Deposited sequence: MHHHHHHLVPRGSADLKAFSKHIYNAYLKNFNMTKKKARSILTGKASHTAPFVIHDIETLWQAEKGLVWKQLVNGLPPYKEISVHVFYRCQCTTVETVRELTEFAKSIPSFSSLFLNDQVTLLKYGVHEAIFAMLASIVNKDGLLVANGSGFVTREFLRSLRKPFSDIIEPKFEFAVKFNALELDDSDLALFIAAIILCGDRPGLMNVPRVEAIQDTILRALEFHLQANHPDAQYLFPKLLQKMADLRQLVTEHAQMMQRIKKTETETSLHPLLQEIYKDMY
């Protein structure tokens, strides 16, 4: 019961703090209370020329930005994999089930954690060293600016819920341990693990937020929302694959977007 759920929430939070360089706490402190502002080609060039900062050969500004996004995503996938391994029953699954869960869960988790570094106006990059304006990303030629804006739209609404890192750790864990993923082998184990994570989250939310009896179902709804946000992203990704043939696709992201 309780105190089992308290200890579980604490363990999950500790692994989250162990594995994610940027926390919402740190990010909010940067966004208030300074990072190099990237809002046009000139400031981007300054950032790249030592100021803020491995990539495939240069093609153009929009593809360069797309490449930096891919590199960020690969790094966050590595961190999410280490995080999930520290989740108690995750490592008892067969390695292929672990991979299946990561494959279908990382982008939902990435978009959820993105809100931690987003506000109305832009987002932190390079571990908080830079801040890229939403306006600049809107200015990229597109299908490339189309790809990014729905993430802001999701993030500002998600940040209205005012979660903290301790809540998020459980939220991300529940996203990875999802019983619905196609090709999953031990559906009952994964569902039981998720059930424990979500029960811990309901407890943890009570002990944190005024009431939070409405927040929990809203979070469950956000997980559903994350699913099809990723679906839309994948469609955009596929057509970027179809039409932007000079744009190289990182191999891990190719494997993930496969199917």
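- Unmodelled regions of the deposited chain, listed from N- to C-terminal end, are 1-11, 45-49, 70-74, 281-282.
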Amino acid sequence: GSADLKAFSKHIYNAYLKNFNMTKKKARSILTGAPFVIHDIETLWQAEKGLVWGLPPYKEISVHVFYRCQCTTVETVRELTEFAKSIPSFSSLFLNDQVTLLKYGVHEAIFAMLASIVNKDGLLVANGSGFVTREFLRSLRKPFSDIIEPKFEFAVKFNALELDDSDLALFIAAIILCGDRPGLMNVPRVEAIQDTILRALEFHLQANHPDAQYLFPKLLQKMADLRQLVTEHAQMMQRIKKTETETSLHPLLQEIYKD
From here on, numbers count along this sequence of modelled residues.
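We call the rigid core the largest set of C-alpha positions that still match within 1.5 Å between the two forms.
- Farther on average from this form in 7 other deposited structures of this protein lies stretch 213-221, the comparison being between 213-221 and 39-47 by RMS Cα distance after core superposition.
- Of the two stretches examined, 195-203 and 58-66, the one with higher mean CA deviation in 7 other deposited structures of this protein after a rigid core fit is 58-66.
- Just going by the entry, 158-166 versus 100-108 on mean CA temperature factor gives the higher value to 158-166.
- Two stretches are in play, 231-239 and 7-15, and the higher mean C-alpha B-factor belongs to 231-239.
- Of the candidates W45, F216, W53, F66, it is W53 whose Cα B-factor is highest according to the PDB record.
- Going by the entry's values, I30 shows the largest Cα B-factor out of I193, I30, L226, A200.
- For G179, the recorded CA temperature factor ranks within the middle third of the chain's modelled residues.
- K142 sits in the highest third of its chain by CA B factor, as recorded in the PDB entry.
- Among all modelled residues in this chain, the alpha-carbon of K222 has a temperature factor (C-alpha) in the lowest third.
- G122 sits in the lowest third of its chain by CA B factor, as recorded in the PDB entry.
- Split the chain's modelled residues into thirds by C-alpha temperature factor. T72 is in the lowest one.
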